[PDB]
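For reference, the chain that follows is the form deposited without the named molecule, supplied as structure tokens.
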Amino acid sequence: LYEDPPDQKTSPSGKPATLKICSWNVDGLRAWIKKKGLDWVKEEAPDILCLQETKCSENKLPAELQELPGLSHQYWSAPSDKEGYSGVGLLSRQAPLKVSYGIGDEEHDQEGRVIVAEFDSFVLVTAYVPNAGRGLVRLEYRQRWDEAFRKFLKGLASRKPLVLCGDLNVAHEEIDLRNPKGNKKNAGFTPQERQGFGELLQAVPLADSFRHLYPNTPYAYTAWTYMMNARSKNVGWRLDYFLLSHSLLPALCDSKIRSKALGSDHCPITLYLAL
């Protein structure tokens, strides 16, 4: 079992956290709201909330989402021609300077996976990375995605400090899942997916916020299959990340795993920055 440590809300130089970002693969936004997700969000009170795998077109967005005046600026992306699949959202207390959808590549911008929100001091990207598939049927596609995404993020980070959050659909290293041996040909732990993640960290470059602070902490996961009672056994994967520009590391206060928040087969993760 795993117990996330208490929230560190001061920076390495003693500056108080001024910004709290929460990211959560809700795996069915309507179901997550029915499973009381927005109660949990309201007690966490983030300044920005990023959601993945909403599986909900904009028309079907439940009413409860306009009853949250702390996250009143809301942006949504859905697949162009495939309903109930993928989907992401970004809700913010303050309006961003600019919002865009996708990474600027037609091939990869059709499944509602990416929202980019530019603020004063940084750019925030939230992403739902495409799963490599059962039988690895989409691994070849995933490797092309990885190359296009890496390139996109490198470009962005060259202009403003970057924060990338969301479900990146890879457990980087053997410490990031419960059963590394049995999963090296399964989606999320292929050498191709792990190599892509490493290349992302090096080429942009980006740092893995949680591992920067807790480099040797095992059993810390963000996702558990619904089957086989995995979550109660903590047989999980760390698939949800906050990746940061190296320049933001002195602003980094903490990177949390909200293990006990139910409502999905992923738990939320939370980032504190002193900006």
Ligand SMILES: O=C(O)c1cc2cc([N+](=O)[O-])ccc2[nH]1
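In case it trips you up, residue 1 is the first one in the sequence shown, and so on.
Omitted from view is the form deposited with the named molecule bound, to which the following refers.
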| query | finding |
| --- | --- |
| The unique member of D120, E106, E83, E140 whose heavy atoms fall within 4.5 Å of the named molecule in the deposited complex | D120 |
| Heavy atom within 4.5 Å of the named molecule in the deposited complex - the one residue of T190, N131, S92, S77 that qualifies | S92 |
| Non-hydrogen atom contact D47 with the named molecule in the deposited complex at 4.5 angstroms | yes |
| Contact label in the deposited complex: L19 to the named molecule, heavy atom within 4.5 Å | yes |
| Which of 47-55, 61-69, 32-40, 224-232 lines the interface with the named molecule in the deposited complex (heavy atom within 4.5 Å) | 47-55 |
